[PDB]
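Here is the structure we will look at.
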Amino acid sequence: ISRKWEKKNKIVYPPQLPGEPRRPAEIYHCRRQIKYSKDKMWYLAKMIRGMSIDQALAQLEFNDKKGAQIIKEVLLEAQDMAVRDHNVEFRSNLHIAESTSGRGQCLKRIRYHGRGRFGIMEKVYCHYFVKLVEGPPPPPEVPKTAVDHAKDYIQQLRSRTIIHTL
Amino acid sequence: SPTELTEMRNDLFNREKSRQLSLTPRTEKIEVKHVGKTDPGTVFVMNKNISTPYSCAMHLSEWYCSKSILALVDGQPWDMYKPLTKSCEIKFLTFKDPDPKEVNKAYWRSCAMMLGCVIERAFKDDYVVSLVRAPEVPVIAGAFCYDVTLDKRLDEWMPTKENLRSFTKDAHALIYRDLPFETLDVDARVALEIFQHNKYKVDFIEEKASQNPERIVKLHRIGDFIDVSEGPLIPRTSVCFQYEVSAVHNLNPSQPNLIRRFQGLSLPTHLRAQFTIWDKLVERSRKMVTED
Amino acid sequence: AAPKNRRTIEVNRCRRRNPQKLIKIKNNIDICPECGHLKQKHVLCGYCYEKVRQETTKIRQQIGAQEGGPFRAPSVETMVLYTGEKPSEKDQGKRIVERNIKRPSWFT
Amino acid sequence: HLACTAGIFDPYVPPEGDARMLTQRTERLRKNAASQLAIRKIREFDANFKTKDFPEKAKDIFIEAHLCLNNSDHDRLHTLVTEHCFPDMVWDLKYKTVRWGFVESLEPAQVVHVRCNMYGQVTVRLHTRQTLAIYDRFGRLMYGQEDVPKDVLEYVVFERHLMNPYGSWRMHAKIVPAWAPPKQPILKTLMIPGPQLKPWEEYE
Amino acid sequence: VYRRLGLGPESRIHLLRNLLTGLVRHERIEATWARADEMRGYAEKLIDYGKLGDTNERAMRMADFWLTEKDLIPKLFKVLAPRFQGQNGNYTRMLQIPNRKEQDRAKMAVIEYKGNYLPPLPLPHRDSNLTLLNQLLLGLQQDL
Amino acid sequence: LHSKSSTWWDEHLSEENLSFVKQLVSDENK
Ligand SMILES: [Zn+2]
């Protein structure tokens, strides 16, 4: 087993110089053992990526999946330590930079059948990884306008070079 | 050129900020206790004249920031971005409060100030436009009114449907820009210099200085544009969702200069309106608005 | 019947990461001023409802003890009284339930 | 094995205005009746312990211990201070970087009061200007100023195990006089949570 | 026009019969939204039978069958029926409650008998006329 | 939260204003 996510939270940066912007806080939190499928948990992780701390919490409160409740508990623990230990001034000033789920060690049993058959029973466990960056979520992407698309095509045409000639 | 006036006007606004910042030495901690109905009794230690109610909203949750337009400091309406002055009791005001009368005035005044900004930049630099004052009219009137005196060259020019739409486009651009409303308390002497050219503004500045024992006057700045305010204004221009310049009425006794009162209607994002409702309200907002 | 060949992870990833299969966000979430907790626009607050619902059980417990027997539902109207509140003439001819607690602020 | 005992045998009472203040030294001459018998007990094991010369030795340990904090020289600081003192100094400095410097002492250090199987505690009076700046894990500054001298007067208690042959003077505790000014506040702003109540309960 | 509940049509009547009896005894019952709506119609119609009069033989037969506990029959004719004599309808109030956290997430609703002595439910309140939007509409009303 | 919310014409219409709105709609149609 590897627990490098926690070690990322133990990283200590060198003292910042006067001519350096105030470093945004990054917090790495995870729950190593959950009796839940990583694949099912991943769906929850994918949706919440890039959202604010408050927005994610609100969606989780009204979510029907068991994993969502676990995620909210994990999120609350990370926020508490962030203010307590990572010197976060504002509770609301947090957003979900990264969210993903991983496989965990399982348990193996034999699945009996009423007709003399047997199967391989597995008790699934998974890990959940989230990295939180202090500050509001980044602005969403704006689709390219027709003007932007045309300019690139013209630029590509100009960038064309003569091939296989002196 | 108009840019020159804005440049010097902006500087004096900036210099006043530096003087106030220089006036406060170090950071002084003031104990502010939350008297709001929700999360009552929370006490924040804050830096005097450095932090603002928005910071406290950030401390608690994002919901507070989104729904908080004003703050009740010791029972007094305070702008969300106004620096705190002393230990006090703070409560957050929302659009859906039982008594939005204080909120209504701030929205009413802010809309008038925004309209004044559009007028000055809407016309070409060749013409001369002087803003006289923003008359205070009830919300029941159906439109917010701004008075402006035009140059003789514009005596025969009346806005058309397209021209009125142009004003809304300028107003819509300002709303899209989402410029926070800066707030400064400035003495009459400095304020008179900032607005010396506009005689009408000068008298308005004098009235405010006359009422209060000191010469301090309430000045609000939207980007480069600056104006005097009767009271607190909206924190940001993004609050408005619907904006319309309903109509303009020319005052008959306007020989020395053509004084026009502009009628407009605006609605915050928190309070959206149906299509038919807005049309009737806009139609009801095209009628001459008297001050009662 | 088994697939003629194993399905590639890349093909599998596209199917599960399709927007149709992803979890959708909800925009109808609202706040409860009374409890300060979240709610849906068409769903009442539950934190305050817990007070009322659990308060009802306390009232019901008092009623059950007072009746003292099954199939003893009165044929007359019933009223609930809290400490500090005295029966009135209008309360005559009505079952009276007495609560040790003071008249709740929300209850009127 | 314990080489130190928590607390002070008898707490010396500092007089207000001592910072303004020969003079105080004579007050010790008057008060050696209370302390000389204690001084003799330290002298019996050592015979070279003098209240006049101890502050110089005591001062070096105090300054040296503070220097170890910047380098996190825990082993070096362990020897300088007693077991009781060490955890307080460094426990709250975990995952933090501090730049500490010593400006010239405002006034000379002087022994103030001493007391004493046998553990001897010597109170030393120190007023010195120092610079303190602590940064976050990310390097963000959280407390103190990089190059601003802060004048602080405190009374520092050193202790030694007289019975032990290897016993030596190690910093044990500091006595803070009430008249001393409060320490500088933290740069960041804190929030005090409100009272916690059950769903049935109402705000009070 | 009828929901399928229970193990059969008779079970639905028995299930509806049990639900109706429970509501009368307590006057406020919480159940699944679908079931609550199904029983709302029966409750209103029963009150009409109560208003008809105790001496009505059909009402007595209907009351006896639907209400298993016979102590409720006097209550219907002497408590429920007298109370709603003035009202012409809308005897029952049904409201939505947050879904059950029982791993099935069934839709939950509360159905209550109006005029009851139970503590008032936290009903929704419409926006006050003091709001900016309402004030503007009031101005339009005054002008007209 | 700076996010979209669901609204309907009757969400913020008061009972007194709601009755007026119904009358106004009938007047406009006529
Ligand atoms: Zn509530």
Every residue from the range B:254-280 that is more than 11 Å from chain F (Cβ to nearest Cβ), touching a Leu at 6+ places or on another chain (Cβ under 7 Å) and not in a strand (DSSP E or B): B:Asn257
Anything in the range C:52-93 that is within 16 Å of the ligand (Cβ to nearest atom) and more than 7 Å from chain E (Cβ to nearest Cβ)? List them, or say none. C:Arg53, C:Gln54
When the range C:26-51 is checked residue by residue, the ones that are near the ligand (Cβ under 8 Å from one of its atoms) and either of a type outside the set (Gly, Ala, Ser) or within 12 Å of chain B (Cβ to nearest Cβ) (or both) are C:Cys32, C:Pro33, C:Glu34, C:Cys35, C:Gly36, C:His37, C:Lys39, C:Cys45, C:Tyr47, C:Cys48, C:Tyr49
All positions within the range B:242-269 that are over 16 Å from the mean Cα position of the chain (by Cα) and either of a type in the set (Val, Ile, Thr) or closer than 23 Å to B:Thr94 by Cα (or both): B:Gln242, B:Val245, B:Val248, B:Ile259, B:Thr269
Condition first: in contact with a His (Cβ under 9 Å, 6 or more places away or on another chain) and more than 13 Å from the ligand (Cβ to nearest atom). Can you find one or more residues in the range C:3-12 that meet it? no
Conditions (1) more than 9 Å from chain E (Cβ to nearest Cβ); (2) within 16 Å of the ligand (Cβ to nearest atom); (3) of a type in the set (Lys, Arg) -> C:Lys21 fails only (2)
If I ask for residues that are facing another protein chain (nearest Cβ under 8 Å) and not in a loop (DSSP other than H, G, I, E, B), which ones from the range A:56-84 would you list? A:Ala58, A:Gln59, A:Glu61
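Residues are listed down the side, and each one gets a yes or a no for (1) surrounded by fewer than 20 Cβ atoms within 10 Å (Cβ to Cβ); (2) of a type in the set (A, V, I, L, M, F, W, C); (3) assigned to a loop (DSSP other than H, G, I, E, B); (4) more than 11 Å from every other protein chain (Cβ to nearest Cβ):
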| residue | (1), (2), (3), (4) |
| --- | --- |
| D:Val124 | no, yes, no, yes |
| D:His127 | yes, no, no, yes |
| D:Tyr143 | yes, no, no, no |
| D:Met163 | yes, yes, yes, yes |
| D:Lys183 | yes, no, yes, yes |
For D:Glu159, only one of the following conditions fails: (1) within 14 Å of chain B (Cβ to nearest Cβ); (2) assigned to a strand (DSSP E or B). What is its number? (1)
Out of the residues in the range E:18-71 that are polar (S, T, N, Q) and in a helix (DSSP H, G or I), which is surrounded by the most Cβ atoms within 10 Å (Cβ to Cβ)? E:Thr21
Hey, can you tell me all the residues within the range E:1-30 that are in contact with a helix residue (DSSP H, G or I) (Cβ under 7 Å, 6 or more places away or on another chain) and farther than 28 Å from C:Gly64 by Cβ? E:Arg3, E:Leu5, E:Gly6
For the range A:27-52, how many residues are facing another protein chain (nearest Cβ under 8 Å) and farther than 11 Å from C:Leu22 by Cβ? 2
Okay, strands (runs of 3 or more DSSP E) sitting entirely in the range B:37-87 with 1 or more residues that are farther than 26 Å from C:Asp30 by Cα and more than 14 Å from chain D (Cβ to nearest Cβ), I get B:70-73, B:76-79
Taking the range B:88-109 only, how many residues are over 17 Å from the mean Cα position of the chain (by Cα), over 20 Å from C:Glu34 (Cα atoms) and surrounded by 17 or more Cβ atoms within 10 Å (Cβ to Cβ)? 1
Collect the residues in the range B:66-121 that are more than 25 Å from B:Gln242 (Cα to Cα) and hydroxyl-bearing (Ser, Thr, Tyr), keeping them in residue-number order. B:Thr85, B:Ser87
Restricting to the range E:101-131, what's the tally of residues that are away from chain C (no Cβ under 11 Å) and either β-branched (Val, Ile, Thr) or touching a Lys or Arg at 6+ places or on another chain (Cβ under 9 Å) (or both)? 9
Which ones in the range E:108-130 are within 16 Å of the ligand (Cβ to nearest atom) and part of a loop (DSSP other than H, G, I, E, B)? E:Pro119, E:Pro120, E:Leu121, E:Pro122, E:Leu123, E:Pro124, E:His125
Filtered residue count, chain F, keeping only those that are β-branched (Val, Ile, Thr) and either part of a helix (DSSP H, G or I) or more than 9 Å from chain B (Cβ to nearest Cβ) (or both): 2
Here are the criteria: (1) within 16 Å of the ligand (Cβ to nearest atom); (2) of a type outside the set (D, E, K, R); (3) not in a loop (DSSP other than H, G, I, E, B). Tell me which single one E:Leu133 does not satisfy. (1)
Surrounded by fewer than 16 Cβ atoms within 10 Å (Cβ to Cβ) and either within 21 Å of B:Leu184 (Cβ to Cβ) or of a type outside the set (A, V, I, L, M) (or both): does that describe B:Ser18? yes
Could you give every pair whose Cβ atoms fall below 9 Å, whose first residue belongs to the range E:101-122 and is over 16 Å from E:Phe84 (Cβ atoms), and whose second residue is among the polar types (S, T, N, Q) and within 16 Å of the ligand (Cβ to nearest atom), counting only separations of at least 6 or pairs across chains? E:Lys107/E:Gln96; E:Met108/E:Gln96; E:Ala109/E:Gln96; E:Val110/E:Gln96
For the range A:132-166, enumerate the residues that are in a loop (DSSP other than H, G, I, E, B) and surrounded by 10 or more Cβ atoms within 10 Å (Cβ to Cβ). A:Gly135, A:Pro136, A:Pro137, A:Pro138, A:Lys144
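Computed from the coordinates by the stated procedures, all read-outs in this text should not be read as laboratory data. Ideal geometry is used to build each Cβ from the backbone, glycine not excepted, and the neighbour counts take in all protein chains shown.
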